[PDB]
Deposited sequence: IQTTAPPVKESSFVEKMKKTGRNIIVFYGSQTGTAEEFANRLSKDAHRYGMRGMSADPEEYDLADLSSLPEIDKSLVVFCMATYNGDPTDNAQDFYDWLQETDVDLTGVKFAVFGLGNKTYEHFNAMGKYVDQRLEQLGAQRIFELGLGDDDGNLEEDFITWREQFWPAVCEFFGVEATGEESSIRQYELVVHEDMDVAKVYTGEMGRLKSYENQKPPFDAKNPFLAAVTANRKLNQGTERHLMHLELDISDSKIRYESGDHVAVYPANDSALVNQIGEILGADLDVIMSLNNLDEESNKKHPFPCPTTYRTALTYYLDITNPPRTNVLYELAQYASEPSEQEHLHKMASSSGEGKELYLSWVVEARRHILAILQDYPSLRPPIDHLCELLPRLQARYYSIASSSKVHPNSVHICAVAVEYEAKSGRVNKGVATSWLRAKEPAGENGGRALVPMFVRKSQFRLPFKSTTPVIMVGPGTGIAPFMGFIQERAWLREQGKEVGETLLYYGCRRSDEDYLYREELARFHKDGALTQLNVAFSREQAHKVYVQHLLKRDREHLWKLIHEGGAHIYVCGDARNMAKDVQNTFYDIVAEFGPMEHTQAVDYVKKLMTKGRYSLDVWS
């Protein structure tokens, strides 16, 4: 229960703001969009501020009309058909309230991914609900699809949004001058005890650990084990064990473990070297808006090296506003023009951004090397880069068997980018380098999920997780085996797993064989996709066992679980379940779909997919 800030409307009145942009974000994408819209206000004679709804009480929206030409914008992401954690309060409020929002003007931009049944559910709800409550829409709902290109969807919406705002309120495009949000303050003689060295919350919080641990106060768990899971050399799949003893962290199979990684030191050093900057300068970036709660873009004071290493994202392709602001620092005309045009909503500038930056997966260093005239000051770059996010992993262990250890099953990311270089996954490269052996510590925390084994030990379980999708099921199988050892009555436990070849990347091969031998796994159905000319996938095995699965589903009350790739595997497995139901019900495809979607609402078809 966070302590709410005082009314955001009064803050707007006291600081001359007429527009406030709220963000529902978990990976920081909606947060950036909000900040971008907020900063935009200035270019149209208005003044905005972005804000975390969790820190506020949206009921004060009814007071917003008290400000002339006032407006509120919501940039909301959706997660599993639900609101972001930080937007749950606001969501619950929209449902319970009956407050009259007459006079309130709003606009909504939703961040979603079409590869989901509930595409932009949050953005759609917020947009619809504010209207039901009496507020009037000032611009159409935005539907950003992260499966195509979200950045482009924002550009398009934004380009139309402002002219519509200006026309309704009768304001002009007062043109654009580079404006810093922070001021640099170099520190020449500061006590080392006050310089952030990578911690996420309070100073020295990593050195002096105190519970409870969470996203703002992660627990530095020792890496007790880090072994290679795959047999061959095509790729690198690994199994790590994080010791959470004395952390008091609670967890259950199905939960996720998040880790705060460190960027590649070489990459950090090269960025500093190409900019001719001294990365060991101790400094702070202080907000020019002395009223804002966001005093720095990241924990300060600190060195540029530490910022680029633990607080800043220096690997993902930079967004258009970043390249736009950096353009001023490119001394070669043609290069200044290419960067400037990256923010176009159409044409060659847009196409170049999509192919040369996004498709080629060029990170900031690559751009600095490919456009050699671009030499921005390090301090402004640090202000522009997005924050380094934590990465989530499906805990591969059962707390009933390993209450003081959190297991991770992950594939190391390393690929040839069309940018011509080899790109390395931040968290996995970092995880892979951690050696059991001070100790190898990993800053982490647990996030509870709704992916859970049936409450009743007798309820049948059908698990589908090819590749790394196996990771929560190792926890499930462990727990189910443990239940049998405790004398309990355990229903059928079926695993449908898949890999390329039994001698290449069959994860947990020995463990799964043991569980099967001992009866913990009623069936171990493995699809080896490359051992023959045609592909053999998990859904092929499900179709093969359609008769039995239907019996378990329709008569046994079986629970279905699907983990892994959400792009193709999940949809294909879902389609196969449609076919099974349709044939054995029997019923028309349309009803089969409803039947399966119903199982999802009744908690009997759960997902843990990602891209």
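Point out each run of deposited residues with no C-alpha coordinates, keeping the order of the sequence. Model skips 1 to 5, 180, 444 to 447 of the deposited chain.
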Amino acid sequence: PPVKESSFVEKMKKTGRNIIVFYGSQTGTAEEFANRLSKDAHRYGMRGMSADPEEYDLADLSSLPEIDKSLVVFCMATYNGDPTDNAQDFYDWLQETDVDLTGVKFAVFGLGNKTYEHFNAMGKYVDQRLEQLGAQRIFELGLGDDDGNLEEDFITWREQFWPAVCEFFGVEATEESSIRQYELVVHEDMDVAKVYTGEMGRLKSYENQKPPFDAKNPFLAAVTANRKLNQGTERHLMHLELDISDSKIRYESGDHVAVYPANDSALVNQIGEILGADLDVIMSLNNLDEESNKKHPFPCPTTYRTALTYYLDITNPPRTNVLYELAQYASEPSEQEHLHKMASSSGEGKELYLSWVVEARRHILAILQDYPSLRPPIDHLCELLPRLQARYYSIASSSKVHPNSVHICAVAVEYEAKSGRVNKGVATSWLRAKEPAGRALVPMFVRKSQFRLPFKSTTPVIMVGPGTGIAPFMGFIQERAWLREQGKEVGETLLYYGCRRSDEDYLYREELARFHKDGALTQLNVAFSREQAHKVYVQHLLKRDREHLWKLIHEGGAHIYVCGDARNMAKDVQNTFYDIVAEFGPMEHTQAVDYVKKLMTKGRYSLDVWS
From here on, numbers count along this sequence of modelled residues.
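Please work out which of 158 to 166 and 85 to 93 has the higher mean CA B-factor as recorded in the PDB entry. Comparing 158 to 166 with 85 to 93, the higher average CA B-factor belongs to 85 to 93.
Using only C-alpha atoms and the B-factors in the entry, which stretch averages higher, 366 to 374 or 177 to 185? Result of the comparison: 177 to 185.
Top Cα B factor in the deposited entry, candidates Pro318, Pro211, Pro297, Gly469: Answer, based on the entry's C-alpha B-factors: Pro211.
Which is it among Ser397, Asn80, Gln389, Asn230: the one with the largest CA B-factor in the entry? The record points to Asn80.
Within-chain third of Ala59 by Cα B-factor, per the entry: As the PDB entry reports it, the C-alpha B-factor of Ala59 lands in the middle third of its chain.
Rank-wise, by C-alpha B-factor, drop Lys543 into the lowest, middle or highest third of its chain. Ranked within chain, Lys543 CA B lands in the middle tercile.
Sorting the chain's CA B-factors, does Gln591 end up in the lowest, middle or highest third? Answer is highest: the recorded C-alpha B-factor places it there.
Report the third (lowest, middle or highest) to which the CA temperature factor of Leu483 belongs, ranking only the modelled residues of the same chain. According to the entry, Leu483 has a C-alpha B-factor in the chain's highest third.
Chain thirds of CA B-factor: placement of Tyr496: Answer is lowest: the recorded C-alpha B-factor places it there.
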